[PDB]
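Written below as structure tokens is the structure these notes are about.
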Amino acid sequence: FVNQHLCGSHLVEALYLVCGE
Amino acid sequence: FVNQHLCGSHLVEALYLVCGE
Amino acid sequence: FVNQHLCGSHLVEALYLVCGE
Amino acid sequence: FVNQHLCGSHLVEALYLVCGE
Amino acid sequence: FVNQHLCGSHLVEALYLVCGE
Amino acid sequence: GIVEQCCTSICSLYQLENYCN
Amino acid sequence: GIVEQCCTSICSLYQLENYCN
Amino acid sequence: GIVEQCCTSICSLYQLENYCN
Amino acid sequence: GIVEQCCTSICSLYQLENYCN
Amino acid sequence: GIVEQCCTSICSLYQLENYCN
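The listed protein sequences derive, respectively, from chains H, J, F, D, B, G, I, E, C and A.
Quick note on PDB author numbering: the first sequence kicks off at 1 and runs consecutively.
Quick note on PDB author numbering: the second sequence kicks off at 1 and runs consecutively.
Quick note on PDB author numbering: the third sequence kicks off at 1 and runs consecutively.
Quick note on PDB author numbering: the fourth sequence kicks off at 1 and runs consecutively.
Quick note on PDB author numbering: the fifth sequence kicks off at 1 and runs consecutively.
Quick note on PDB author numbering: the sixth sequence kicks off at 1 and runs consecutively.
Quick note on PDB author numbering: the seventh sequence kicks off at 1 and runs consecutively.
Quick note on PDB author numbering: the eighth sequence kicks off at 1 and runs consecutively.
Quick note on PDB author numbering: the ninth sequence kicks off at 1 and runs consecutively.
Quick note on PDB author numbering: the tenth sequence kicks off at 1 and runs consecutively.
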């Protein structure tokens, strides 16, 4: 689940999701 | 499941989905 | 769970969530 | 649980939460 | 539990909370 | 799942979801 | 599944879905 | 899950969620 | 969970939550 | 939990919460 809404300059988003840890 | 709506300049989206981890 | 709303210059947020510790 | 509302210059907040100590 | 409200110059607050001592 | 929406933007996002099963 | 919609855009997206069975 | 919303911004966010199961 | 909201700001936040289970 | 609110400020805060269980 990742909701990203961008309306600008240089939007850097990093999502890492993992189960089993 | 990936929903991408772009109306701009240089839209770089990377989706990696995997089960079995 | 991370809610980020940015409307400025140089927004650096780092979230690390993990269970099993 | 961390609530951060910033409207200024150079906001450096470091949160470290952990249970099991 | 830490409540910090700042509206000035150079606000340095250090909180360390731990139980099990 | 992830969802990216960019209007007047240059977007650089990487979202990776790894699930148990 | 993935769904890309670009109006006035240059879009660069990579979406890879690997499923158990 | 994480949710990023940037209007007039340059955003640099890294959100990583690692779950037990 | 963490929640960051920045208006006219340069924000530098690091929030790490490690939970038992 | 911690909560930081900065208006016209330069804020430098470090809040670490370590709990038994």
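Note that beta-carbon positions come from the ideal geometry of N, C-alpha and C, so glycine has one too.
What residue range is occupied by the uninterrupted beta strand (DSSP E) comprising A:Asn18?
Against the tenth sequence, residue 18 of chain A aligns to sequence position 18. Looking at the DSSP string, the run of the beta strand (DSSP E) that includes A:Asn18 is 10–19.
Quick one: what does DSSP say H:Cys19 is sitting in, helix, strand or coil?
Residue 19 of chain H sits at position 19 when you count from the first residue of the first sequence. DSSP places H:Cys19 in strand when its eight states are reduced to three.
A:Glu17 and D:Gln4 - do their beta-carbons sit closer together than 8 Å?
Indexing the fourth sequence from 1 puts residue 4 of chain D at position 4. Indexing the tenth sequence from 1 puts residue 17 of chain A at position 17. For D:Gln4 and A:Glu17, no; Cβs fall outside 8 Å.
Helix, strand or coil: how does DSSP classify E:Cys6 here?
Taking the eighth sequence and counting its residues from 1, one reaches residue 6 of chain E at position 6. In this structure, E:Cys6 counts as strand in the three-state DSSP scheme.
By a C-beta neighbour count over all protein chains shown, 10 Å radius and 16 as the cutoff for buried, is B:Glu21 buried or exposed?
Counted from its first residue, the fifth sequence places residue 21 of chain B at position 21. Label assigned to B:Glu21: exposed.
Under the rule that 16 or more other beta-carbon atoms within 10 Å means buried, what is B:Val18, buried or exposed?
Counting from 1 along the fifth sequence, the entry for residue 18 of chain B is found at position 18. Burial call: exposed.
Using a Cβ-Cβ distance cut-off of 8 Å, determine whether G:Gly1 contacts chain K.
Considering every chain present, this structure includes no chain K. Its protein chains are H, J, F, D, B, G, I, E, C and A.
For B:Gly8, count neighbouring Cβ atoms within 10 angstroms of its own Cβ and tell me buried if that reaches 16, exposed if not.
As a working mapping, residue 8 of chain B is identified with position 8 in the fifth sequence. Result: exposed.
Considering only DSSP beta bridges, list what H:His5 is partnered with.
Against the first sequence, residue 5 of chain H aligns to sequence position 5. G:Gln5, E:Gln5.
Does the Cβ of F:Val2 have 16 or more other Cβ atoms within 10 Å, making it buried, or fewer, making it exposed?
Along the third sequence, read from residue 1 onward, the residue named residue 2 of chain F stands at position 2. The residue is buried, with at least 16 neighbouring Cβ atoms inside 10 Å.
If you drop the 5 nearest sequence neighbours on each side, which residues of the same chain put their C-beta closer than 6 Å to that of E:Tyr14?
Mapped onto the eighth sequence, residue 14 of chain E falls at position 14. No residues qualify anywhere along the chain.
When you compare only the Cα positions, how much space is there between C:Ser9 and E:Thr8?
As a working mapping, residue 9 of chain C is identified with position 9 in the ninth sequence. As a working mapping, residue 8 of chain E is identified with position 8 in the eighth sequence. Spanning the two alpha carbons is a distance of roughly 11 Å.
Quick check on the burial criterion: 16 or more other C-beta atoms within 10 angstroms. Buried or exposed for I:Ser12?
Translated into the one-based positions of the seventh sequence, residue 12 of chain I becomes position 12. It counts as exposed.
Are there 16 or more other CB atoms within 10 angstroms of the CB of B:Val12, so buried, or fewer, so exposed?
As a first step, residue 12 of chain B is located in the fifth sequence; it is residue number 12 there, counting from the start. The residue is exposed, with fewer than 16 neighbouring Cβ atoms inside 10 Å.
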